Amino acid sequence: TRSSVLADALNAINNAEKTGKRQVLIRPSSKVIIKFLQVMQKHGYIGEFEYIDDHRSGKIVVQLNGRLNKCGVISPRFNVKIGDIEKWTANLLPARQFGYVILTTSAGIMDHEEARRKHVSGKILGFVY
Amino acid sequence: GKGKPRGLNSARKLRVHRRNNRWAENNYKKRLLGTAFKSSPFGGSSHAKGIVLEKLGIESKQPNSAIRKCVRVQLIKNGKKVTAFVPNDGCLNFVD
Amino acid sequence: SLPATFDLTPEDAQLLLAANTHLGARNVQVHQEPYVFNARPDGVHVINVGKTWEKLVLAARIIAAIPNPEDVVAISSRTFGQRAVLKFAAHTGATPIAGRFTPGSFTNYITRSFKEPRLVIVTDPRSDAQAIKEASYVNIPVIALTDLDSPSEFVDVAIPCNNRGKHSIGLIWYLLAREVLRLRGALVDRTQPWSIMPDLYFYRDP
Amino acid sequence: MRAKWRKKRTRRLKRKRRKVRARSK
Amino acid sequence: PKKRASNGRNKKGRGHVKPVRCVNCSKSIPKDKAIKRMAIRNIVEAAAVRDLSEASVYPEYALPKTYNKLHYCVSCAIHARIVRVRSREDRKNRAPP
Amino acid sequence: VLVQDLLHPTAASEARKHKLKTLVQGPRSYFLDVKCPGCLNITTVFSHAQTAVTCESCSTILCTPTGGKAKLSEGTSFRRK
Amino acid sequence: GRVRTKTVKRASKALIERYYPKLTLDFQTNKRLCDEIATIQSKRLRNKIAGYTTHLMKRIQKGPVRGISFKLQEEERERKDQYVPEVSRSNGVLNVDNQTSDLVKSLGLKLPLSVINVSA
Amino acid sequence: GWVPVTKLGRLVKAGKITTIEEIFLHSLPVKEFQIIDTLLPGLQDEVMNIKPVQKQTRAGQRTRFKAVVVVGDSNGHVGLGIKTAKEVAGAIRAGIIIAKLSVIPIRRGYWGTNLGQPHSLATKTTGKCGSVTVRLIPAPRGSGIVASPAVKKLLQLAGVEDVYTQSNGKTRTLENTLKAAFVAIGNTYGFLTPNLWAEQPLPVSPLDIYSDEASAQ
Amino acid sequence: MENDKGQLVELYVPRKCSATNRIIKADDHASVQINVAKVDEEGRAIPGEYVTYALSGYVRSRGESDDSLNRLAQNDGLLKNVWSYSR
RNA sequence: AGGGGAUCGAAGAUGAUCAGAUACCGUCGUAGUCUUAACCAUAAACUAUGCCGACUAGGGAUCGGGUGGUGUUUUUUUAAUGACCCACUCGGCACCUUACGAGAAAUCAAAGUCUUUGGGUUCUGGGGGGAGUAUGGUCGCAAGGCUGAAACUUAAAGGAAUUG
Ligand SMILES: [Mg+2]
Ligand SMILES: [Mg+2]
Ligand SMILES: [Mg+2]
Ligand SMILES: [Mg+2]
Ligand SMILES: [Mg+2]
Ligand SMILES: [Mg+2]
Ligand SMILES: [Mg+2]
Ligand SMILES: [Mg+2]
Ligand SMILES: [Mg+2]
Ligand SMILES: [Mg+2]
Ligand SMILES: [Mg+2]
Ligand SMILES: [Mg+2]
Ligand SMILES: [Mg+2]
Ligand SMILES: [Mg+2]
Ligand SMILES: [Mg+2]
Ligand SMILES: [Mg+2]
Ligand SMILES: [Mg+2]
Ligand SMILES: [Mg+2]
Ligand SMILES: [Mg+2]
Ligand SMILES: [Mg+2]
Ligand SMILES: [Mg+2]
Ligand SMILES: [Mg+2]
Ligand SMILES: [Mg+2]
Ligand SMILES: [Mg+2]
Ligand SMILES: [Mg+2]
Ligand SMILES: [Mg+2]
Ligand SMILES: [Mg+2]
Ligand SMILES: [Zn+2]
Ligand SMILES: [Zn+2]
Numbered sequence: 002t003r004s005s006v007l008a009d010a011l012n013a014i015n016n017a018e019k020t021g022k023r024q025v026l027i028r029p030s031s032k033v034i035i036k037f038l039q040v041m042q043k044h045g046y047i048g049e050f051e052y053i054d055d056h057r058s059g060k061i062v063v064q065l066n067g068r069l070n071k072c073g074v075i076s077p078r079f080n081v082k083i084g085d086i087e088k089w090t091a092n093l094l095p096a097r098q099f100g101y102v103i104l105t106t107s108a109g110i111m112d113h114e115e116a117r118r119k120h121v122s123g124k125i126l127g128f129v130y
Numbered sequence: 002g003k004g005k006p007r008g009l010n011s012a013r014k015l016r017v018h019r020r021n022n023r024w025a026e027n028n029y030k031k032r033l034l035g036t037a038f039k040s041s042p043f044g045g046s047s048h049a050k051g052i053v054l055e056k057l058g059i060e061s062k063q064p065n066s067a068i069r070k071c072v073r074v075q076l077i078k079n080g081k082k083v084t085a086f087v088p089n090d091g092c093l094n095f096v097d
Numbered sequence: 002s003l004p005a006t007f008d009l010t011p012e013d014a015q016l017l018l019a020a021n022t023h024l025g026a027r028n029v030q031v032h033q034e035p036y037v038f039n040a041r042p043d044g045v046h047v048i049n050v051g052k053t054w055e056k057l058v059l060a061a062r063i064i065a066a067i068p069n070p071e072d073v074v075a076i077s078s079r080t081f082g083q084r085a086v087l088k089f090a091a092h093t094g095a096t097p098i099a100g101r102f103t104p105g106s107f108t109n110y111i112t113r114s115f116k117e118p119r120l121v122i123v124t125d126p127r128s129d130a131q132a133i134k135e136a137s138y139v140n141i142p143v144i145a146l147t148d149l150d151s152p153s154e155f156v157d158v159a160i161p162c163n164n165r166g167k168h169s170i171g172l173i174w175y176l177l178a179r180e181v182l183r184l185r186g187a188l189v190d191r192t193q194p195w196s197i198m199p200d201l202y203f204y205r206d207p
Numbered sequence: 001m002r003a004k005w006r007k008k009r010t011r012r013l014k015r016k017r018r019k020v021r022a023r024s025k
Numbered sequence: 002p003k004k005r006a007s008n009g010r011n012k013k014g015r016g017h018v019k020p021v022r023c024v025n026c027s028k029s030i031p032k033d034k035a036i037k038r039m040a041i042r043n044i045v046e047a048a049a050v051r052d053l054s055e056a057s058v059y060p061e062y063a064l065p066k067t068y069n070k071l072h073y074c075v076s077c078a079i080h081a082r083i084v085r086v087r088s089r090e091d092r093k094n095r096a097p098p
Numbered sequence: 002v003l004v005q006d007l008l009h010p011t012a013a014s015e016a017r018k019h020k021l022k023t024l025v026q027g028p029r030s031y032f033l034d035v036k037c038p039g040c041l042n043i044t045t046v047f048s049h050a051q052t053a054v055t056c057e058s059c060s061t062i063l064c065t066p067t068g069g070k071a072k073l074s075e076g077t078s079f080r081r082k
Numbered sequence: 002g003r004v005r006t007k008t009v010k011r012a013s014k015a016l017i018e019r020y021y022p023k024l025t026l027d028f029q030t031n032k033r034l035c036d037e038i039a040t041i042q043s044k045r046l047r048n049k050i051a052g053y054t055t056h057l058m059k060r061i062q063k064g065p066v067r068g069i070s071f072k073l074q075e076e077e078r079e080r081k082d083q084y085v086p087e088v089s095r096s097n098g099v100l101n102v103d104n105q106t107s108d109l110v111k112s113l114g115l116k117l118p119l120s121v122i123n124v125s126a
Numbered sequence: 034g035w036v037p038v039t040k041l042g043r044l045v046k047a048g049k050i051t052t053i054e055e056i057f058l059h060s061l062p063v064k065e066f067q068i069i070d071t072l073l074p075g076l077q078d079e080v081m082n083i084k085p086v087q088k089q090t091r092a093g094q095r096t097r098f099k100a101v102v103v104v105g106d107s108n109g110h111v112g113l114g115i116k117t118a119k120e121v122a123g124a125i126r127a128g129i130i131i132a133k134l135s136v137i138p139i140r141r142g143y144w145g146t147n148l149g150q151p152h153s154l155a156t157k158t159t160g161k162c163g164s165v166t167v168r169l170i171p172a173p174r175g176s177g178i179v180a181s182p183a184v185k186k187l188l189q190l191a192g193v194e195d196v197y198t199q200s201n202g203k204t205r206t207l208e209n210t211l212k213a214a215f216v217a218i219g220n221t222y223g224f225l226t227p228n229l230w231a232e233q234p235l236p237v238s239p240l241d242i243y244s245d246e247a248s249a250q
Numbered sequence: 001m002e003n004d005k006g007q008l009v010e011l012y013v014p015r016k017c018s019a020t021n022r023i024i025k026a027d028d029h030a031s032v033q034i035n036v037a038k039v040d041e042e043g044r045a046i047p048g049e050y051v052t053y054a055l056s057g058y059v060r061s062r063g064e065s066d067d068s069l070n071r072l073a074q075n076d077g078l079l080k081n082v083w084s085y086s087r
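Chains as they are written, first to last, in PDB author numbering: chain X, 2 to 130; chain Y, 2 to 97; chain B, 2 to 207; chain AO, 1 to 25; chain b, 2 to 98; chain c, 2 to 82; chain S, 2 to 89, 95 to 126; chain D, 34 to 250; chain W, 1 to 87.
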């Protein structure tokens with residue numbers, strides 16, 4: 002059985018870019034998936050996506066141009082106290098200049114920089130760079 | 002993800018799994034079973050003073066051919082008998 | 002910019018049907034080739050030559066795009082394209098390679114079968130594999146003649162053709178040498194049923 | 001010695017030792 | 002390590018195949034791994050077929066032969082019959098010839 | 002092939018694909034008003050019957066179960082509407 | 002059983018590579034050529050060198066052979082070309103196949119026609 | 034007398050190409066050392082390690098001498114040359130030459146601010162030669178190169194002033210960890226960081242502009 | 001690749017493929033650069049004037065150098081009907 | 001524990017071989033081999049390769065199901081059929097070519113999508129011997145199975161590959 006639908010979409014995207022391709026259909030388009038694909042386009046790692054409507058769980062077609070090195074999901078949605086968010090960025094982000102480590106908080110899914118801006122925290126979702 | 006369970010609630014298995022698997026570490030096992038005190042004629046101490054029983058000359062292992070001067074010592078705090086080498090050529094005349 | 006009426010002329014069309022280039026490969030197709038138009042049963046797939054013309058306009062567009070037309074190469078180890086490559090290299094600046102390749106020609110600058118072309122053309126990537134996989138190591142591009150079964154690996158703009166036939170290898174060597182000069186280089190600007198005759202390349206039997 | 005023969009040698013050895021202390025059972 | 006991807010001959014997805022026994026030494030060998038050679042040799046020889054037919058009734062009516070399938074054990078197969086130990090990459094060629 | 006409209010594919014390539022491997026799921030089975038010229042008002046049958054349906058008033062076998070090719074014996078007419 | 006060494010063979014090709022104006026098909030003439038055109042060290046050596054060049058030059062007047070690189074042959078045959086005009095284009099009007107005719111009806115114009123219907 | 038083959042080798046003598054950055058911009062394959070020797074003559078020679086290798090032959094036991102040397106200015110260009118000859122010198126001379134061809138650029142960077150003089154790297158890079166995986170991590174200024182003597186003196190010539198190193202594998206075989214650390218810095222200019230997303234005009238290069246200048250004969 | 005006082009530090013901004021949009025580095029001696037010359041009235045290919053395209057060595061490797069190029073030429077207008085967007 | 005016991009055949013006894021020859025080769029032949037009822041539960045029980053899920057690549061064969069037809073054959077009088085041909089699709093046993101990629105390598109469409117390290121989950125391993133030994137527990141009629149140490153000893157043992 003599929004366990005973390007987010008991963009089955011993220012990994013396909015990562016696979017789809019080193020393949021050279023610039024389009025990939027991801028399944029099965031969860032609400033969390035769209036609220037993640039949204040944050041990536043907010044920083045320009047992907048382009049535009051379209052929510053196909055099967056009468057089933059869904060489908061998404063996302064166009065990525067050339068800018069993502071590694072998108073990823075963190076399986077245990079580890080709870081991150083605001084005091085150790087820096088500890089994550091350090092472990093999985095190329096440099097403190099760029100790259101965002103998305104997470105889920107009470108204030109809604111948001112990247113780490115936006116999370117530090119609003120001073121709110123939650124569990125970690127993944128990262129993108 | 003080959004191996005270990007990753008769920009956020011598998012902490013009990015992870016800790017007991019490592020506890021069990023740590024027995025493969027000889028330093029960890031020797032320190033837990035306590036061989037230092039049971040085995041190991043020194044009582045786990047840095048040194049142990051004893052009494053010399055006889056002056057032995059031990060043929061060196063190969064590919065060497067010498068006669069290592071040692072002495073069989075009977076630990077006073079333990080009664081155990083142990084053969085120990087006398088370094089610093091000469092020094093066998095000093096054991097007495 | 003779509004340049005001109007350069008699109009395939011109604012007479013240049015028949016110049017290819019009798020030439021055998023619409024009968025491409027048999028029911029074999031590297032998935033990399035959409036150049037196949039609705040196929041024909043009992044065998045071979047028919048090519049949509051409407052692109053092959055565009056292929057040559059682009060091919061020639063770059064062939065005659067090297068400020069040193071002298072250092073552009075054309076190769077056919079398969080002797081069908083030899084009477085064609087040398088005859089192509091004649092109406093060019095292009096330096097040819099016909100016969101045996103003498104591998105290690107782009108690398109190993111101390112060999113004297115060595116060249117440094119800024120563009121290269123081959124007939125059958127299969128037979129001339131050494132050529133394409135050698136350009137790979139030196140940043141140089143390649144224009145490829147290609148049937149439906151030819152491997153598009155490491156090749157730049159390709160040209161749908163039939164490398165399994167009697168005369169359709171000279172057709173494009175001619176049209177390439179025809180449009181390479183119908184482009185800058187003195188030639189006829191009009192319909193131009195070009196002076197030289199298509200039967201010139203014509204790999205011979207003996 | 002062969003691997004399976006070391007097994008047989010050991011199996012015999014334990015059978016003999018097994019018997020030896022059953023005398024003191 | 003392995004020196005053939007089959008590690009035997011012709012057996013992937015069956016677990017066990019009834020074993021045949023070598024023609025030369027009778028040693029057992031799994032049918033899938035036994036080298037097979039069908040021996041179709043006639044009752045003929047170079048100069049034996051002309052004597053056979055002239056001084057006889059039935060002026061060359063049928064002329065039939067011997068038909069039997071042989072299975073060898075690799076050890077025996079290597080000794081006399083077709084083994085012809087190949088090279089590292091020359092062995093992957095299953096061309097009978 | 003590194004550029005491909007996934008949203009708008011050809012009505013030919015998707016026609017070749019599998020029932021469930023299309024863009025949006027869709028059953029490739031239809032219905033037909035089978036006309037047996039022995040009765041006035043005839044039945045509406047499914048492409049893969051699995052049941053040799055019988056008409057309203059008579060016993061005139063029209064289909065026969067198969068692997069999905071409901072065989073309409075008693076050569077008749079029909080309509081994919 | 003005397004195959005000439007490649008020392009002489011390497012030399013023979015290197016001279017036919019640059020002295021075809023000279024180097025007549027006769028040994029004696031070629032022999033007295035080496036004493037003046039080459040720096041060989043012995044009669045016997047240059048004798049097989051010249052004696053070989055002769056055989057090579059004797060065959061070039063028959064056809065080409067591997068190793069000849071005097072740059073004259075490439076300018077010799079690339080103009081020996083331009084054979085018989087029989088381009089097809096009279097052949098009835100035009101022979102085509104059942105669907106090959108439909109090929110450029112999308113963008114091209116009319117042309118002569120012919121039908122072909124085959125079966126496996 | 035230079036007398037160059039590989040016409041780009043003429044584009045260097047004729048001073049129509051002043052810096053190797055053009056060569057990289059269009060990735061041209063350098064096939065002669067005087068190119069690098071002229072584009073940057075202040076290269077340093079540092080023989081990293083000299084190891085003997087032995088081969089058994091039908092007529093003896095050959096004992097070739099393998100040498101590894103790394104060249105670089107100390108400003109962003111290093112090459113790793115390794116080869117073996119029957120003599121240490123000859124192997125050092127040949128390898129000291131190969132080290133020039135191997136030269137590649139090193140994209141340095143800043144650790145966490147914008148203040149001038151880039152010391153550290155832009156991202157974390159991973160060298161993966163053989164069995165040793167070398168990893169360069171951006172370290173703040175005043176940290177230095179934290180790595181074994183060989184990797185440290187390789188990055189020193191690379192021009193990086195502060196970087197965190199973390200290796201894995203059989204590091205004792207330095208012939209492989211040096212090649213790994215090389216690929217590590219070699220991968221520095223492969224990270225599509227956000228600043229470099231800006232589309233460039235894709236300039237034409239000395240290949241076609243000075244075409245009439247190469248003009249071999 | 002700026003610095004504190006606006007200067008352009010971090011020399012050699014590299015090339016970039018147009019299909020994959022990935023970096024074309026120095027040791028990528030498998031990449032290419034094709035210059036299509038600008039054509040004018042009745043042939044007359046304009047020399048010294050091109051619209052240059054660059055492809056990574058990786059795309060060339062997988063064989064999609066040609067097919068992913070027909071599209072590139074058509075999205076600039078130098079072919080008429082060669083590569084569709086669906087099949 | 002019955003039956004069966006033709007065959008081949010541990011044991012044993014022989015004939016030959018060898019310095020020796022408890023063997024290999026030959027002969028005899030017990031148990032066995034087979035079957036019923038009850039046990040035993042181990043095999044290099046092997047793909048020396050956990051399962052469920054997803055993604056990533058080209059290729060022609062083939063098994064099963066299916067769809068498509070103014071395809072060929074059966075001629076009956078042509079269909080209906082049946083078998084064959086072609087194209088496609090789902091699930092099989094595999095093979096082939098590639099390498100982006102992986103690996104210490106041999107090689108691997110997984111053994112890939114990893115220092116740019118996190119889909120779910122089970123199990124096992126932590127230098128070599130000592131030793132699967134000792135000891136307890138438990139299973140079995142036994143033979144044995146499962147669970148399973150340590151003292152001491154030792155600098156290598158090992159893997160794939162290269163040259164000889
Ligand atoms: Mg607090
Ligand atoms: Mg253990
Ligand atoms: Mg004593
Ligand atoms: Mg006491
Ligand atoms: Mg021993
Ligand atoms: Mg008793
Ligand atoms: Mg072996
Ligand atoms: Mg088997
Ligand atoms: Mg088995
Ligand atoms: Mg003189
Ligand atoms: Mg050292
Ligand atoms: Mg019996
Ligand atoms: Mg006996
Ligand atoms: Mg013997
Ligand atoms: Mg005897
Ligand atoms: Mg015995
Ligand atoms: Mg017997
Ligand atoms: Mg077991
Ligand atoms: Mg097995
Ligand atoms: Mg497998
Ligand atoms: Mg093992
Ligand atoms: Mg496949
Ligand atoms: Mg049918
Ligand atoms: Mg299948
Ligand atoms: Mg490989
Ligand atoms: Mg590899
Ligand atoms: Mg020792
Ligand atoms: Zn046998
Ligand atoms: Zn009915």
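Just so you know, even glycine gets a beta-carbon here, dropped at the ideal spot from N, CA and C.
Original post:
Of all the residues that make up the segment 89 to 122 of chain X, which are near chain D by a beta-carbon distance shorter than 7 Å?
Top reply: 95, 96, 97, 99
Original post:
Residues in the segment 12 to 26 of chain W with C-beta within 9 Å of chain D's C-beta atoms, listed in sequence order?
Top reply: 12, 13, 14, 15, 16, 18, 21, 22, 23, 24, 25, 26
Subject >> Separation of residue 163 of chain D from residue 11 of chain b, as counted between CA atoms >> reply: For this step, residue 11 of chain b is matched to residue 10 along the fifth sequence. For this step, residue 163 of chain D is matched to residue 130 along the eighth sequence. Roughly 36 Å separates the two Cα atoms.
Subject >> Short-range partners of chain S found in the segment 32 to 62 of chain B, where Cβ spacing is below 9 Å >> reply: Only 38, 39, 40, 41, 42, 43, 44, 47, 48, 49, 50, 51 from the segment 32 to 62 of chain B bring a Cβ to less than 9 Å from some Cβ of chain S.
Subject >> Proximity to residue 81 of chain c [Cα-Cα], best of c:75, c:62, c:46, c:66 >> reply: Numbered from 1 along the sixth sequence, position 80 holds the residue referred to as residue 81 of chain c. When each option's Cα is compared against that of residue 81 of chain c, the closest is c:46.
**OP:** Out of c:66, c:59, c:68, state which residue places its alpha-carbon closest to the alpha-carbon of residue 38 of chain c.
**Re:** Your numbering for residue 38 of chain c matches position 37 in the sixth sequence. Nearest to residue 38 of chain c by alpha-carbon distance, out of c:66, c:59, c:68, is c:59.
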